[PDB]
Structures are given as structure tokens and as C-alpha cells.
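Colleague: Structure below; questions to follow.
4 protein chains.
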Amino acid sequence: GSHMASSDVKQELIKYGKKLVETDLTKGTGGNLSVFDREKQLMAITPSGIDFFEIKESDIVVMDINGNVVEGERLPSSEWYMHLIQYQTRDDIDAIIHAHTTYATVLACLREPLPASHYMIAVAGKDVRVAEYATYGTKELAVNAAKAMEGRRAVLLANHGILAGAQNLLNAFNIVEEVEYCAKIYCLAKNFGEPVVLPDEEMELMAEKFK
Amino acid sequence: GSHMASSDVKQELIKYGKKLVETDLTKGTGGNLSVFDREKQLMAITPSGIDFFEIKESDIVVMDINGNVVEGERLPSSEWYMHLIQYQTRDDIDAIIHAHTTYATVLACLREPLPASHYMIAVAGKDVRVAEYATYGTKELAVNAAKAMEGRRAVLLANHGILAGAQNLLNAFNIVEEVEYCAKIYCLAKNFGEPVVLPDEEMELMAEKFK
Amino acid sequence: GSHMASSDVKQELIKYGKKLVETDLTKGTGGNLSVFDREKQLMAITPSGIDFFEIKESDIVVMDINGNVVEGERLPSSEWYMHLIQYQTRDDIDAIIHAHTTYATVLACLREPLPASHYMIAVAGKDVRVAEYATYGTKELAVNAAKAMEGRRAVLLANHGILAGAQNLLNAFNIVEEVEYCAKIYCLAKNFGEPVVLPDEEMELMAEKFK
Amino acid sequence: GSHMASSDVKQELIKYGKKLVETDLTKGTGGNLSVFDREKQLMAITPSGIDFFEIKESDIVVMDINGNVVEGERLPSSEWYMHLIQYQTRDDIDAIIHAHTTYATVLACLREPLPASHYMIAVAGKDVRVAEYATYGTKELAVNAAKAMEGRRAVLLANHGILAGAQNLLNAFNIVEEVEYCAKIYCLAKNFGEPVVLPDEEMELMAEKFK
Ligand code: NI
Ligand code: NI
Ligand code: NI
Ligand code: NI
Ligand SMILES: [Zn+2]
Ligand SMILES: [Zn+2]
Ligand SMILES: [Zn+2]
Ligand SMILES: [Zn+2]
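These protein sequence lines map, in sequence, to chains A, B, C and D.
Residue numbers for the first sequence follow the entry's author numbering, beginning at -4 and rising by one.
Residue numbers for the second sequence follow the entry's author numbering, beginning at -4 and rising by one.
Residue numbers for the third sequence follow the entry's author numbering, beginning at -4 and rising by one.
Residue numbers for the fourth sequence follow the entry's author numbering, beginning at -4 and rising by one.
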């Protein structure tokens, strides 16, 4: 009666699901959100194949650290293990958003990383890497994403989309938004000429300012 | 009094017509939707040259399998035969949407097919072909589209737009949305570099996962 | 008390002004609309430098065929003569919209015409020409636009925007929308490869079908 | 009780903050607005790291000409000195908007200036320069922006965004909007071919017409 993920967290997943569509970051398809409660060691995650605008609190799936479902009758997001393995391996990430955005996914389909052509990428790191390709919803994708997000708060998923993580959903959402913006700026700059990339020293400074 | 297409289906055509404009997939011009009732062998289709936001149930045109109008005083969509020939030749398609979208139409005007640069194209097939050009509203266009959509759930219409089909309008709409997204990703990737295309084996796997 | 432009026409100018912003064709700046009453030989036109969402019926300016203001205390659109000279020289145009759209203006800034890469351009003609450059609001621009719109229902204004005309504002608006769409398709196709342009014979056929 | 910045000015900052998001010029992050009262010699500026839709009048920070905070408990925008140095060095600017827009920022990340491919750039000058890069929120950025905006009403901030100034917030907002539009037209034209740039003499004429 207090042992499971709170109503607050479930409602918040729904809120940010909607925000992703409202701001036109994604239509929702193949996208998913989760939060991890560190005290309880439970992940709450969006369900598979339900439109973001139709998700109810009862559709949220709650899982333990080994992926055993403890609340919810819906099937969890097909990407549940991609989220869970992050929480298993990183203490600095308590909320994750996966989305099929526009320019971030362009870069992912080129299998091209995103460098510091705009300073705001420092919300994720000096750059955003591209994970090795693996089929959606597989262990291979989960592992590939974990590895390529090491030392970063976002990662591109080859031929697929983006994954971002932060301390909470507001910050995770901000990272998705900012990485998508940076991806867009970078791609558009590439059309015109050679984007100027800020040096690592400047990005190291940026990281410290952003704290 | 039960022999014709239901009110439910007519209202649904109107709903999805509106959804196409609301989500900015199209302005509506030259676009059309239909459903086929297999038990009754009747097609219900949107009328010609009426703004999607002004279509009433009484403007929906109902036709038999040979194109004889049995309900409605409005002229049917100029593309009625492009829809009807699909229903005549395919048992797996009960709803069709034709739209003049953005990047899908870019590809159509280049007469360039859409490959699997993004895995989500599997909602339509391993790729989306481009039909041979023919004048809008003609038998030639209908036949060209039927042939080039064989084995797929979407097809590009040269210098024109897109046609998609599925089991119902919700799924047909999802295909239009997803194919337009994939077209956009592919085009934008082409601007930057060489889009990475997933191999046929992976797409065959994708088809099976999507079932 | 019946000798001037009707309330109906004034309200309609306001309506379509708003529609241009609502549909994101333009923000309104430098844009203008007019209608010509053939029986009365009066042009009603939007005023200069008033936000489309702030235009009242009393701000509409009514002019005779020689540009003498007969109703309204506001200064007419700076482009009033670009509209008026069309009505003076063409009997087939009773409403005109000028807008600074996106891709149509891209083409205008390249001083590149728009060909029939998409069949829908037939709402304006087989192609849309680019007028010789002249300073906004000048007689030279008015004359350049008249000449380059001959035989067409739209024209690009070099380094400036688009002008379209039709029998009424609904149709003029549709032309702006469709020409902007075609411009966009053409530009985007050019990024990928060589847009396929429909031959003049097919466009001649298109003109006859569109009647 | 009359010695500080008025309620009117504070509310107006909030209004234009919102307008920047409503019109999709920016999401708000890293963006800021200010006004300078010349009689009082006070700058009112938006606060740091508060969503534009959550800013209250009490969050507005008021500063004297040397940057001493005289009203507000919130930390001022990190860019407060970039705004303040403009007011210190220019008598023709009483309101400033900084934004991370799209195509203007593309140009900034290329470190490419914006020329007169569209005549509307005359709201800012014959062209818009790019300032030397410096870290956000620093004196160096403030000085670089002051220098590169000399003789202009807008400037691009390398790898960052845009700064614009005018007599009031309505006009400053219009400059941001118009410069972003011009940047977009220029970038898109560059994709197709060589944008035609209006000569300085024509732009000198444009400046005089715009007065
Ligand atoms: Ni409990
Ligand atoms: Ni019946
Ligand atoms: Ni009268
Ligand atoms: Ni006081
Ligand atoms: Zn996904
Ligand atoms: Zn069509
Ligand atoms: Zn204009
Ligand atoms: Zn900034």
C-alpha cells in the first residue's frame, strides 16, 4: 500500500508522453518513457502500442530490477529492457525517454554522431554517439544503447531514434528537445557548408557551467 | 434499411479526413479516403472537391464493386477507381487513404522509391515503390497504382502523392503517417550523406515482428 | 448607399488575411489582399502596415480604377498598384493575394521559375514565372508582375514573394496554397536529385481537366 | 513608488516571452528579453532558467546601468550583460530580444553572415554579421555582440543564436521574426543554387523606405 510506484510518477509519465506529441517531437509510435524509483528499485514504464493520448494510469507497467512485472496488466513497452539496463548500470539516471524524433533520427539513419556545432549539446555531453544497430525491442539494442550512452545523457539508435536520460522526466524531456534541436542545426548547417564544431576544452567548460 | 454502408463507416471517413488536415499530413486537396465492406461488397468514398472540414455524411458516396453509385448525390472522388481496383484485386485491404503529403510526394516527383533507411517502413513493406505516371483520376493511374502496390501496403504515385491501404482506417492512417515520416527521414539523410539501408533479411524479420 | 464596395467583400478580405496566418502561409508582413468589383469598377484592398489580426472593416481601403481612394482613412497597402494594374489589364481576375511565403520566395530569391514537377501547379498554369526585380511598392514592380503573370494565375516576385489571382478570394487563396506546396516539393526534390517535370502536352491536358 | 521599472514594462516582457514560444521562434531555453527605460536608466530583464510560460512579474529583474540589481530576487538572465552593454553604447535601442531560433542559428553555427537575398532584411540593415565566438553569459560574448551589431539592429552569435534590438519590444520581436525568415530563405536558396543578393545601393534605398 506504499510498496509500489506512486500515483504521482504514473501521472507524470502520462503528462510527458503527451508533451512529446503536443510539442511535435514525435507522434508517439515506438516511443516510450520510464522512471526508476531508487529507494524501491522499481521501474515504471509506458505500455506497448497504446497511443500516448489514450494511456491511463492503469496501463503503466511497473517492473522490478530484473524485469519482473509487479503492477499492470498491459504489456510493457517493447523497449523496456533498453530502459531497464540503463537503470541497472547507471546511478545518475532516474528517468528515460525514447523517441523517434526528426533530425536526431536522420543522424541515426546515417549512423553519424552529433558534435558540438551548438553549445547546448552540453546537456547531453560533448557529443552524442550512435549505438550499433540492433532490432528494436531486443537485448542487443539494449546493450548497444547502454554502451554508446556511457558518459553521456543521450544516444542515437541506428536507423531508429534517440534515447535520453536524466535525474527526472522534466530534465529527460529537456535533453530530448535540446538534442533534437542541436541535431537539426547540425544537419541544416551541413547542407550549407562546414559546421563549426566547438573544441573539447570549450565543451569541458560548458559541462561545468551547466552543473 | 441495412443493405447499404453503415452510418458508422461514413462518420469514420469524415473523422480521418479531418485527422489528415489536423496533423498537417495534407491540406486535403486531391486527397481521398475509402472503406470497403466485404460482406456487402460496397465501397464508401469521400466526394470530389469538397473541403474535408465541410464533408457531411450525405456527401459520402457509396458504390458497388463495379463502380455503380448506390448512395449519395455528390460526385465521388476523382480517384474512386484507384481505390476500387485495389478492393477488386486484394482481399487484405479494407480501407484506403490517398494523400498529397510532403516528403513522400518529393520522392514521387523524383520517381524515386523509398527504401528501409528506417525500420518503421515495415508497416508498408521492405520498401515503397513508385507507380508509373498517369493522369490523376484515370484508369491508367488506377492500374499503375494497383500493380506497384502489389505485395505492399503503400505506393508512391509519380508526380502526385501516396496511396496506402490496410484492414481499417486507423491502420491506413498510421501507414500514411509512418511512410511520410520514413520518406522525410530518407530525404533529409540524403542531403547529409548516404542513408544506411537495412538489409532485406532484417526487413523480413521486421515484417514478422510487426504481425 | 449602394455605390461602394459591400460589407461582405470587406469582411471576406479580413477572413482570408487571417487564414493566411492561421495556416502559416505567411506572418502577414508585406502581404496584402484585394478584390475587384467589376460592376462598380472598385478595388477593395487591405491597409498598409496593420497586423492581419487587427484589421477592421473600416481599415479596408476602396479605390477606383485609377487609384483614387473613395473609402477608408487608412493608407492602402504599399502594393496597391501591383494589384490594381492586374485588374486594369485582365478581365479573368477578380481577387488577388500577395504573400511572402516560404519555398515560393526561395525560388523568387534564386530568380528561378517553378515548373510542373507536380501536376497541381495547373491551378496557376504549366509553370510559374519570376518577374523582373523592382523595389517593393513601385510602379516598376507592378508592371513587372503584370507582364510575368500574363497567361498565368500566379507569379513569383524576385527577392520578394508571390502574387496570385483568381475569380474570388477562396480560389486565390487556394492558388497561393497550391503554388507554395508545389514550390516546396520542387525545392525539396532538387536537394535529392533531378525533379521529373511533366511535359507541356500533359499540362495542357491538366488545364482542361481543371476547368 | 515611481522610481523603478513600471508594471507595464514587466508584463510586456512576459507577453513577448510567450509570443516567442507561441509562434515557434524558440522553445525559450537560453533566450531572454529586456527593456531599457532611458529616463530612469534602468534595465528590466527576464530571469535565468525559468520557462517563459512560468515567468511572473516578480521574477523580472531590474538593474541599473552598471548592473546592480535594484528589484527582483531571481537571478537575472545569464545574458544580462550582453543586453546591458548595448544599452550603454547605443541610444537607438530600448528593447532587446535574444533567441535560439532555427535558420539564424544555422548561419551562426557556420559562422556565416546573412546578406540581402530578401529585401526584408532592411529591418536590421543591409546584412546581419556574425559576432566572434565567446562562451554564453560572458563579458567576451557581450563585447563581441556589441561590436558586431554596430550599425545594425540584429547580430548572429556564433554557435549560439541571434540578438536583436529596437525602439520597443514589438519592433524587436518583428526584427527577430524577419531575420529568422530571411535566414531561412537564404539557407534554403543556398541548397538549390546561388541566392541573388540585392546590391548595397538598393539596400540603402530600402533603409530609407523603411523609416
Ligand atoms: Ni504498497
Ligand atoms: Ni438497407
Ligand atoms: Ni452607395
Ligand atoms: Ni518608485
Ligand atoms: Zn523506438
Ligand atoms: Zn491526388
Ligand atoms: Zn510584399
Ligand atoms: Zn542564448
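Every residue, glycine too, gets a C-beta built ideally from N, C-alpha and C.
One question on the structure: do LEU164/A and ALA90/A come within less than 9 Å of each other, judged by their Cβ atoms?
Modeller: Their beta carbons are under 9 Å apart, which means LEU164/A touches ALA90/A by this criterion.
Colleague: If you measure between the beta carbons of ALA119/B and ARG148/B, is that distance less than 9 Å?
Modeller: Their beta carbons are under 9 Å apart, which means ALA119/B touches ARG148/B by this criterion.
Colleague: What ranges does the beta strand (DSSP E) occupy inside the segment 140 to 168 of chain B, keeping only unbroken runs of at least 3 residues that lie completely in it?
Modeller: You should have 149 to 152, 156 to 161.
Colleague: Could you tell me the alpha carbon to alpha carbon distance between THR21/B and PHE47/B, rounded to whole angstroms?
Modeller: If you take the alpha carbons of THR21/B and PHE47/B, they lie about 10 Å apart.
Colleague: Could you please give me the residues that DSSP links to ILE92/C through a beta bridge?
Modeller: In DSSP, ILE92/C forms a bridge with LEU28/C, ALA159/C.
Colleague: Is there at least one non-hydrogen atom of ligand 8 closer than 8 Å to the beta-carbon of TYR131/D?
Modeller: Yes, ligand 8 has a heavy atom inside 8 Å of this Cβ.
Colleague: Looking only at its chain, what residues have a beta carbon closer than 8 Å to the beta carbon of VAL16/D, apart from the 5 residues adjacent to it on each side?
Modeller: Hits under 8 Å: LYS22, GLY23, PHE47, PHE48.
Colleague: Can you tell me where the beta strand (DSSP E) holding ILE40/C begins and where it ends?
Modeller: Looking at the DSSP string, the run of the beta strand (DSSP E) that includes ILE40/C is 37 to 40.
Colleague: Could you check the C-alpha separation between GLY132/C and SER73/D for me, to the nearest Å?
Modeller: One C-alpha to the other measures close to 42 Å.
Colleague: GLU197/D to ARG124/C, Cα distance in whole Å?
Modeller: Rounded to whole angstroms, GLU197/D to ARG124/C spans 23 Å at the Cα level.
Colleague: Can you say whether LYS10/D is buried or exposed, counting buried as having 16 or more other CB atoms within 10 angstroms of its CB?
Modeller: So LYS10/D counts as exposed.
Colleague: Along chain B, which residues have their Cβ under 7 Å away from the Cβ of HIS155/A?
Modeller: Ordered by position in chain B, the residues that pass the 7 Å Cβ test against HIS155/A are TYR114.
Colleague: Report the three-state DSSP secondary structure of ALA117/B (helix, strand or coil).
Modeller: Of the three classes helix, strand and coil, the one that applies to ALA117/B here is helix, per DSSP.
Colleague: Give a single yes or no on whether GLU197/B has its beta carbon closer than 8 Å to a heavy atom of ligand 5.
Modeller: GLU197/B Cβ: outside cutoff for every heavy atom of ligand 5.
Colleague: Mind checking if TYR11/D is an interface residue toward chain C, Cβ cutoff 9 Å exclusive?
Modeller: Not closer than 9 Å to any Cβ of chain C, the Cβ of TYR11/D fails to qualify, so no.
Colleague: Within its chain, find whatever has a CB closer than 6 Å to the CB of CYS182/A; leave out the 5 residues flanking it on each side and keep chain order.
Modeller: The residues are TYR98, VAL101.
Colleague: Among the candidates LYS51/C, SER(-3)/C, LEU37/C, whose CA atom is the shortest distance from the CA of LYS13/C?
Modeller: It is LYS51/C whose Cα lies nearest to the Cα of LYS13/C.
Colleague: Where does the unbroken alpha helix (DSSP H) through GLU196/D begin, and where does it stop?
Modeller: Where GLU196/D is concerned, the enclosing alpha helix (DSSP H) stretches over 195 to 205.
Colleague: Please list, in chain order, the residues of the segment 166 to 186 of chain C that have any C-beta partner in chain B closer than 8 Å.
Modeller: Per Cβ criterion, the list reads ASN169, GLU172, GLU173, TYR176, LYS179, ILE180, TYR181, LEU183, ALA184, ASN186.
Colleague: For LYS22/A, would you say it is in contact with chain B, using Cβ-to-Cβ distances shorter than 9 Å as the test?
Modeller: For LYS22/A, the answer is yes, since a Cβ of chain B falls inside 9 Å of its Cβ.
Colleague: Exposed or buried, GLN36/B, counting other C-beta atoms within 10 Å across all chains shown (16 or more means buried)?
Modeller: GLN36/B should be labelled exposed.
Colleague: Please output, in chain order, the residues near ligand 2 using a CB cut-off of less than 7 Å to any non-hydrogen atom of the ligand.
Modeller: Having a Cβ closer than 7 Å to some heavy atom of ligand 2 are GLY(-4)/B, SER(-3)/B, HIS(-2)/B, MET(-1)/B.
Colleague: Output the boundary residues of the alpha helix (DSSP H) element that contains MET77/A.
Modeller: First-last of the alpha helix (DSSP H) with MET77/A: 75 to 84.
Colleague: Spell out a yes or no on whether the segment 56 to 64 of chain D and the segment 104 to 119 of chain D are touching, meaning 3 or more CB-CB pairs, one atom from each, closer than 8 Å.
Modeller: With the cut-off at 8 Å, the segment 56 to 64 of chain D and the segment 104 to 119 of chain D do not touch.
Colleague: Could you check whether the Cβ of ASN154/A sits closer than 8 Å to any heavy atom belonging to ligand 7?
Modeller: False, no ligand heavy atom lies under 8 Å from that Cβ.
Colleague: Got a sec, what are the start and stop residues for the alpha helix (DSSP H) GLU17/A sits in?
Modeller: From DSSP, the alpha helix (DSSP H) with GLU17/A extends over 2 to 17.
Colleague: Once DSSP output is grouped into helix, strand and coil, what is the label at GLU52/D?
Modeller: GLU52/D falls in the helix class under three-state DSSP.
Colleague: Quick one: what's got a C-beta closer than 6 Å to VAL30/B's C-beta in the same chain, skipping five residues either side?
Modeller: Excluding residues within five positions, the ones whose Cβ falls inside 6 Å are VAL4, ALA39, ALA90.
Colleague: In three-state DSSP terms, what is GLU127/D?
Modeller: If DSSP states are grouped into helix, strand and coil, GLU127/D belongs with coil.
Colleague: Restricting to Cα atoms, I'd like to know which of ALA0/A, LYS142/A, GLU173/A, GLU203/A is closest to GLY67/A.
Modeller: Minimum Cα distance to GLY67/A is reached at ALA0/A.
Colleague: Helix, strand or coil for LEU183/A, going by three-state DSSP, please let me know.
Modeller: The answer is helix: DSSP assigns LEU183/A an H, G or I state.
Colleague: Taking beta-carbon pairs under 9 Å, can you tell me which members of the segment 92 to 122 of chain D lie near chain A?
Modeller: Result list: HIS95, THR97, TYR98, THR100, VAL101, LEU102, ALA103, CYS104, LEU105, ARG106, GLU107.
Colleague: With a threshold of 7 Å on Cβ separation, who are the neighbours of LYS134/A within its own chain once the five nearest residues in sequence on each side are excluded?
Modeller: Closer than 7 Å at Cβ, skipping near neighbours: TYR76.
Colleague: How close, in whole Å, do the beta carbons of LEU152/D and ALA103/D come, if the pair is a contact with beta carbons under 8 Å?
Modeller: So it is a contact: roughly 6 Å between Cβ atoms.
Colleague: With H, G and I counted as helix, E and B as strand and the rest as coil, what does DSSP make of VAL192/A?
Modeller: DSSP places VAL192/A in coil when its eight states are reduced to three.
Colleague: Can you tell me whether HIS95/D sits near ligand 8, meaning its C-beta is under 8 Å from at least one heavy atom of the ligand?
Modeller: Flag set: Cβ of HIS95/D near ligand 8.
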